[PDB]
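# Close look at the chain arrangement
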Amino acid sequence: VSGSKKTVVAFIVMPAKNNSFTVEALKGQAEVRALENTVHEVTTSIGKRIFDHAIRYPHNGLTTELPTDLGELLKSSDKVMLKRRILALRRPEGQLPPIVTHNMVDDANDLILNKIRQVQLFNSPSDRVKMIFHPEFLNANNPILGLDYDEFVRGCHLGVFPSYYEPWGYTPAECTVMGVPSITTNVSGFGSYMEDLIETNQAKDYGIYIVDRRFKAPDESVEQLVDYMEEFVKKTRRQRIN
Amino acid sequence: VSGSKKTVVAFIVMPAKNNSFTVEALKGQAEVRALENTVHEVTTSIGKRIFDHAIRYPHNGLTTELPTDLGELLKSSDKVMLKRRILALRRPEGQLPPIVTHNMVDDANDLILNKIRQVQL
Amino acid sequence: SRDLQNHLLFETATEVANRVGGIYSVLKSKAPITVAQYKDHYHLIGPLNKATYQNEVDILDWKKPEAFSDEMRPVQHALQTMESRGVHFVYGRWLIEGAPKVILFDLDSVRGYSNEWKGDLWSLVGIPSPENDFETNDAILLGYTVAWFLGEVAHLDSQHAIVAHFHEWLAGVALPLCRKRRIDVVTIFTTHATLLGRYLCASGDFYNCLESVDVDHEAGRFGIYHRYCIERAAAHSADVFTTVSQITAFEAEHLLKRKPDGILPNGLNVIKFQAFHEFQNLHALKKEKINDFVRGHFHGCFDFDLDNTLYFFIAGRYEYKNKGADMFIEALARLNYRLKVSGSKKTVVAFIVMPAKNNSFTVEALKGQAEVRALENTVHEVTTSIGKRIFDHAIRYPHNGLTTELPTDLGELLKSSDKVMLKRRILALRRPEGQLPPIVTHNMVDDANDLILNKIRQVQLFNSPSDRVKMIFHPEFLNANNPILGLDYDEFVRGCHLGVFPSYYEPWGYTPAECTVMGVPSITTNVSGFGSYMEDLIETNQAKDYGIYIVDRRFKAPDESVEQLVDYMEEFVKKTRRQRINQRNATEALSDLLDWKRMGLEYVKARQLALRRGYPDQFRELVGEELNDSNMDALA
Ligand SMILES: O=P(O)(O)OC[C@H]1O[C@H](O)[C@H](O)[C@@H](O)[C@@H]1O
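Residues numbered from 1 in each chain as written, not as in the entry; some residues may be left out. Chains lettered and ligands numbered in written order. Part of a larger assembly, values for the part shown. Heavy atoms only, no water.

## Here we look at the pattern of salt bridges
By the definition in use, this model includes 53 salt bridges over all chains. Residue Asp107 of chain A is joined to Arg117 of chain A by a salt bridge in which the shortest nitrogen-to-oxygen separation is 2.3 Å. Of this pair, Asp107 of chain A sits in the loop between strand 3 (102–104) and helix 3 (111–119) while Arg117 of chain A sits in helix 3, and the two are 10 residues apart along the sequence. Residue class for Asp107 of chain A comes out partly exposed when judged on its relative accessible area of 31%. The partner of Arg111 of chain C in a salt bridge is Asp108 of chain C, and the shortest N-O contact between them spans 3.0 Å. (Salt bridge = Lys/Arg side-chain N within 4 Å of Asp/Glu carboxyl O. Helix = DSSP H or I, 4+ residues; strand = E, 2+ residues; numbered from the N terminus. Buried < 20%, exposed > 50% of the residue type's maximum accessible area, 1.4 Å probe, protein only.)

Structure (structure tokens):
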């Protein structure tokens, strides 16, 4: 509606019964890896040609210090293999980026997947919010996202933990310890603790967003959660860093 | 006379009393080494730009699989950088590549150097 | 009746398009901030440097009616006036950020009027002009060709008030005129030094015995009387008189007999990073480049830890006394003794970067750096070999009698062939028995007579293993094109830990200022314009927390000043990494006060002090009242 230029990629990391990664997940990462390797070979070739030109100038008809035409640097064999690499990344007509990285044991009955389907976030180009369900604990040893949980957290921008029952928020706290802002609720122990510890409306400045799930009807709650997220999305890199 | 385009570089490797390598010999090699290093940096940048193009085609208005304009790949800071390494390789006008790599103890009376000077290679 | 609100501004100086001295850099870096305010109401005036201006200027066609706005026509008709009278000039825009409009006058096509003007000047103001002084000649030329132009503009324009700012005596000639001719323009004069000031300090006290000098005698004494007269004249004629620092505002009052109305400190176009901590990452990267040089320089004698090593430097024109190279070296010799006495484990490598006559880098310098490069390459080869053997073990475990997951014996990874070549690399780094790391990186044209080198030898800093302070003289400007320390100057500063600039005569500390903006702590002095500016802003003890160490050279005796310099250095050496990191953050935050976005407000106060002195009435009417006009500070 606001015609924002931002994009949110949202991760759900909760273990569910699964038959491991999809061939598609592993296949896609391998194909991106192959494009990078091919690009490395091409830049090596481009390198020698820039170097020769530079070391030879201004002799043998070289009127400019540097190559000016791409054709001098990028040859046909280079183009051919780059395009084969690009073709391998092409997906079937009308096929969209999956919302899940694993083969579920019981895909049709899964609560998380059913919800995503119901709200209809299928990762289409016009969708400003992307959805990724990774139904397994993170670990540096896994073939698609080789990060331990703490590393993953550090790399993200925002933790969102809208808990209904949660005596203590280990997760938002751990999130906090690593300088990652997060969203919590006033019915979680962490939220209630921070509600008290920090002046009322200062928490947001410290990256602690607290949703009222105690004295608000569910719809009010959701709209406040959205208010928070939308506010964060508005931030500059500078604001995010501070 | 034969219009041949080949070049012969001839090496004379015979020990003579010397005061080690000239500053020129060492400096030239370092200057080339620096050009090489900068080229590596630039091509790393270029690779990033080629990769990005390759991974996002054909979205965001990319009509071709590959970049076609060198300007999409080579930035102005890249050029300033490279042009500087080129300027450092420039010899004082009129100066030719030396016929010897070392400072000689008795340069004026060296048999080999005097021979080269006489036939004017 | 002219508008004090929508007015014009003209800035005149010799350096308006030709890089002569610090003023070029001041006017250039100020462009963006002033062009943002005046838009097209602002112009720079200077002599046309025919040899260079073509690379500096975007020569434009001032003839078009489209080359000016309607309310700016006056300038176009005043330029036409000059064009009728046969005066050649160049119009266009500086090829810098902000693209200020520039008016360069070809003094050639005016030189005929010389004899006439020279005489007129000598009789209207009392300013002689020996024929051989080409500088004062071109000064008078410019001065008249400017007052000429200004007078016409005041004539052709009736709406805008007119402000005429002049920088340095070489552009002050037009000031006594305007005062006489009674032209309708408010004028400001800024001096970035004083003539008497330099010359008195060019020998060997001053900051004490100067309140009582005879100005007119020393002028003649130095053969600078006529030049001095233009400085004084310019200083007295103008509505508002200013200098660049308080320390210079002192010498200006006693040597030009007029207490300046205020200070116009020099700002910088400080480029800021999106991420505040970025300058910190840059420091770390740049320091590894210095590290690499150091390993080469100390090859065969590398007995200290670079993780526990600090880099000090001094840089600037080669002015042994005036920049305090002598204090710097004497202090380092005393620092060395203190560090050895106290059993410190830290090492200080000190760089002196001052251009001197040389025959380029030594063979030893180039040789050493090559032999280190060769070792690096050999190590790289050996490790890819080790990698393949670690990899094999790993992917093969637990088969084929492999009982451990990882190799446990070095012999499994490092083979005989690898050992042989690594050892040959080590052998090549060895230096002749009893040879020490040089104290200079270049072959000097005149080694025996060099002041820096004599001083280093006198205090005996020869880079012995037992010396906790190392000395490196690099008698050439830093450039990233250089073979051994391939860093541009700004990169080198970022990589260092502490700048040390014990200056004596320094109207403005360009160097310490740059150094601060790079987020690097520095030692300056109270007689430095930058130092005097800083000690009026932060209490001299609080200052140190912000990485600003101010040595007293006005009130302490020289040996006292030296001991204080040593004190500061030693205090800095004792800091931890965490304290060094925090200090840098602090000095980097200071940098915002050095930016034109703040310093530029002073240029604002000066222009309004002149608009309130020029038309005290239209200013009592536009403000509602009259405010104090004894200072730039009184009016605000
Ligand atoms: O050069 P020093 O004062 O020891 O500072 C070293 C520190 O520099 C920067 O802060 C880097 O980001 C740190 O990784 C580094 O440890």
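Anyway, onward from the coordinates.
## Things to note about the site of the ligand
All names here are of chain C. In the vicinity of the ligand, the contacting residues are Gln280, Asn281, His283, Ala284, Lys287, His497, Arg577, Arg580, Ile581 and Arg584. Between an oxygen atom of the ligand and a side-chain N or O atom of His283, the distance comes to 2.6 Å. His497 places a polar side-chain atom, nitrogen or oxygen, 2.8 Å from an oxygen atom of the ligand. The protein chains hide 75% of the 390 Å² of surface that the ligand would expose on its own. Those elements giving two or more residues to the shell around the ligand turn out to be helix 11 (278–297) and helix 22 (577–590). For the shell around the ligand, the element with the most residues is helix 11, which contributes 5 residues. Split into classes, the residues belonging to the shell around the ligand amount to 2 nonpolar, 4 polar and 4 charged. (Near = heavy atom within 4 Å. Polar contact = N/O pair within 3.5 Å; in protein donor to acceptor, adjacent residues only side chain to side chain. Areas by Shrake-Rupley, 256 points an atom, 1.4 Å probe, with all protein chains shown as cover. Nonpolar A, V, L, I, M, F, W, Y, C, P; charged D, E, K, R; others polar.)

## What to know about the domain arrangement of chain C
Residue and element names in this part refer to chain C. Domain annotation of chain C identifies domain 1 (1–267 + 596–636), domain 2 (268–359 + 450–595) and domain 3 (360–449). Distance between the C-alpha centres of domain 2 and domain 3: 32 Å. Each partner contributes to the interface: domain 2 provides 33 residues, whereas domain 3 provides 28 residues. Buried surface at the junction of domain 2 and domain 3, both sides included, amounts to about 2600 Å², of which 61% is carbon and sulfur. It is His299, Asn359 and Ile484 that lose the most area in domain 2 upon contact with domain 3, and together they represent 25% of the buried surface on that side. Our count for the domain 2 to domain 3 interface comes out at 2 salt bridges. (Domains from an automatic or database assignment. Contact = heavy atoms within 4.5 Å. Buried area = accessible area lost by both parts, 1.4 Å probe.)

## Notes on the interface of chain A and chain B
In this assembly, 24 residues from chain A lie in contact with 24 residues from chain B. Together, the buried faces of chain A and chain B total about 2200 Å²; carbon and sulfur atoms form 86% of this surface. Contact with chain B buries surface across chain A, with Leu66, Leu70 and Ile86 of chain A losing the most and accounting together for 26% of the total. Viewed at the interface, chain B and chain A are joined by 0 salt bridges. At the junction of chain A with chain B, the criterion picks out 0 residue pairs in polar contact. Among the secondary structure elements, those contributing two or more residues to the side of chain A that touches chain B are helix 1 (23–56) and helix 2 (76–89) of chain A.

## A look at the sheet that holds strand 5 (residues 159–160) of chain A
All names here are of chain A. Spatially, 3 strands are ordered 5-6-7 in an open sheet, and the strand pairing comes out parallel. Edge positions in the open sheet fall to strand 5 and strand 7 (208–211), since each of these has one partner strand only. Pairing of strand 5 with strand 6 (residues 182–185) involves 2 bridges; the strand directions are parallel. The residue bridging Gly159 from the neighbouring strand is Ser182, located in strand 6. The strands that helix 5 (residues 170–177) touches are strand 5, strand 6 and strand 7; relative to strand 6, the one it contacts most, it runs at about 150°. Those strands touched by helix 6 (residues 189–197) are strand 6 and strand 7, and its axis lies near 110° from that of strand 7. (Pairing = 2+ DSSP bridges. Axes fitted to C-alpha atoms, helices over the stretch in contact; angles between N-to-C directions.)

## Looking at the state of the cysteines
Following the criterion strictly, the structure yields 0 disulfides over all chains and no others. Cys175 of chain A carries a free sulfur, and the closest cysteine sulfur to it, the one in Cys156 of chain A, is 8.1 Å from it. Note on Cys175 of chain A: relative accessible area 3%, which makes it buried. Among the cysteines around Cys496 of chain C, which has no disulfide bond, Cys515 of chain C carries the closest sulfur, lying 8.1 Å off. (Disulfide = S-S within 2.5 Å.)

## Quick word on empty space enclosed by the protein
Residue and element names in this part refer to chain C. In this structure, the largest cavity encloses a volume near 90 Å³. The wall of the largest cavity is formed by 13 residues, among which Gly296, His297, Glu364, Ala365 and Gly368 lie closest to the centre. When residues of the lining of the largest cavity are traced back to their parent elements, those giving at least two are helix 11 and helix 13 (363–396). Counting residues per element, the lining of the largest cavity draws most heavily on helix 13, which supplies 4 residues. The residue inventory of the lining of the largest cavity, partitioned by class, reads 5 nonpolar, 6 polar and 2 charged. Counting contributing residues, the lining of the largest cavity receives three or more from each of domain 2 (268–359 + 450–595) and domain 3 (360–449). (1 Å grid on protein atoms, 1.4 Å probe; cavity = no way out; pocket = protein on both sides within 12 Å on 5 of 7 lines; lining within 4 Å. Points joined across faces, edges and corners; volume = space filled by probe spheres on them.)

## Details of the packing of aromatic side chains
Evaluated as defined, the whole model comprises 34 aromatic pairs over all chains. Between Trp168 of chain A and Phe190 of chain A the ring centres are 6.1 Å apart and the planes differ by 80°, which places this aromatic pair in the edge-to-face class. Here the residue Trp168 of chain A occupies a position in the loop between strand 5 and helix 5, and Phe190 of chain A occupies one in helix 6, the gap between them amounting to 22 residues. Geometrically, the ring pair formed by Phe276 of chain C and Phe279 of chain C is edge-to-face, given 5.8 Å between the ring centres and 80° between the ring planes. The exposure class assigned to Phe276 of chain C is partly exposed, which follows from its relative accessible area of 42%. The exposure class assigned to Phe279 of chain C is buried, which follows from its relative accessible area of 4%. Members of the aromatic cluster, each reached through a chain of ring pairs, are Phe293, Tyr311, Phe313, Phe351, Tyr489, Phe492 and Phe501 of chain C. Geometry around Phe250 of chain C places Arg554 of chain C over its ring, the cationic atom sitting 4.8 Å from the centre. (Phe/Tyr/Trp six-rings, centres within 6.5 Å; stacked < 30°, edge-to-face > 60°. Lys NZ or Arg CZ within 6 Å of the ring centre and 35° of its normal.)

## Re the packing of helix 1 (residues 23–56) of chain B against helix 3 (residues 76–89) of chain B
All names here are of chain B. Running from N to C, helix 1 and helix 3 cross one another at 165°; their axes reach a closest spacing of 9 Å. By the criterion of interaxial angle, the relationship of helix 1 to helix 3 is roughly antiparallel. In this structure, the crossing between helix 1 and helix 3 has a hand that is left-handed. Each of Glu31, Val32, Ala34, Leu35, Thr38, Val39, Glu41, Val42, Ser45 and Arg49 in helix 1 lies in contact with helix 3, whose residues at this interface are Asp78, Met81, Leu82, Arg85, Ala88 and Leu89. The class makeup of the residues in the contact of helix 1 with helix 3 is 9 nonpolar, 2 polar and 5 charged. (Parallel < 35°, antiparallel > 145°, perpendicular 65-115°, else oblique. Left-handed = near helix turned anticlockwise from the far one by under 90°.)

## Points about helix 3 of chain A
You can read the cap of helix 3 of chain A off the contacts: a side-chain oxygen lies 3.1 Å from the backbone nitrogen of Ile112 of chain A, and it is on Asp110 of chain A. Remark: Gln120 of chain A follows helix 3 of chain A within two positions and exhibits a positive phi of approximately 65°.

## Considering the UniProt feature "binding site: UDP" in chain C
All names here are of chain C. Look at the UniProt record and you will see "binding site: UDP" annotated at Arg19, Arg317 and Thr511. Narrowing the list just given to those that line the second largest cavity leaves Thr511. For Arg317, the residues in contact, after removing those within four places along its chain, are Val20, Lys323 and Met354. Of the residues examined, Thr511 reaches a relative accessible area of 17% and is grouped as buried. (UniProt positions renumbered as here; feature names shortened; annotations may be inferred.)

## Some points on the nonpolar core
All names here are of chain C. Counting residues in each nonpolar core, the largest one holds 123 residues, and the members touching the most others are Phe312, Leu332, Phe351, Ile352, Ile456, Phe492 and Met569. Sort the elements by how many residues they give to this core and helix 12 (residues 325–341) lands first, with 9 residues. Of all hydrophobic cores here, the second largest spans 73 residues; its members include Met82, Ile127, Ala164 and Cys201. (Core = buried A, V, L, I, M, F, W, Y, C linked by side-chain atoms within 4.5 Å.)

## Examining the environment of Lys259 of chain C
Residue and element names in this part refer to chain C. Summarising the element assignment, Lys259 is placed in the loop between helix 10 (246–255) and strand 9 (262–263). Its relative accessible area of 60% is what places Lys259 among the exposed residues. Residues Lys259 and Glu288, spaced 29 residues apart in sequence, show a C-alpha to C-alpha distance of 49 Å.

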